Amino acid sequence: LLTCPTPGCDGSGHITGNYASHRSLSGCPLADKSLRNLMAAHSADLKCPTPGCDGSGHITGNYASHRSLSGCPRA
DNA sequence: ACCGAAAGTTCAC
DNA sequence: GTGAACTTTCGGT
Ligand SMILES: [Zn+2]
Ligand SMILES: [Zn+2]
């Protein structure tokens, strides 16, 4: 939806469940094949590339979604 | 060879 | 100025 163009999907999770970041032809967990639980060791960046930033909150604080040149309220 | 995930980037409000 | 959204490339299976 906000992340990927898929209305049913929300952008969180993945087809394989080995990640979280997805907004294109990556892995929309619609049907899936059942794989989540506690499956650790998954390299995904859900948030912005900024190490100091965590992705929460914006520079103006009027929004929350930021993962590029939008609004990191920190380093 | 095919499928999935991620980077960097770009358009609209 | 800020937020929000797309295409393409690389890596893994
Ligand atoms: Zn999706
Ligand atoms: Zn950040």
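The numbering of chain A matches Swiss-Prot: 799-873, in order.
If you're wondering, the header gives solution NMR.
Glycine residues also receive a Cβ, built from the backbone N, Cα and C atoms like all the rest.
Neighbour count (other Cβ atoms within 10 Å of the Cβ, all protein chains): 22 for A:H820 (Zn(2+) 4 binding site). The feature Zn(2+) 4 binding site is assigned by Swiss-Prot to A:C802, A:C807, A:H820, A:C826, with sequence analysis given as support.
A:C851 (Zn(2+) 5 binding site) carries neither a helix nor a strand DSSP state and counts as coil. The feature Zn(2+) 5 binding site is assigned by Swiss-Prot to A:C846, A:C851, A:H864, A:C870, with sequence analysis given as support.
A:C802 (Zn(2+) 4 binding site) sits 14 Å from A:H864 (Zn(2+) 5 binding site), taking the Cα positions as reference. Summary of the Zn(2+) 4 site environment: with the site residues A:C802, A:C807, A:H820, A:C826 set aside, the chain residues having Cβ atoms within 8 Å of the Cβ mean position are A:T801, A:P803, A:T804, A:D808, A:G809, A:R821, A:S824, A:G825, A:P827.
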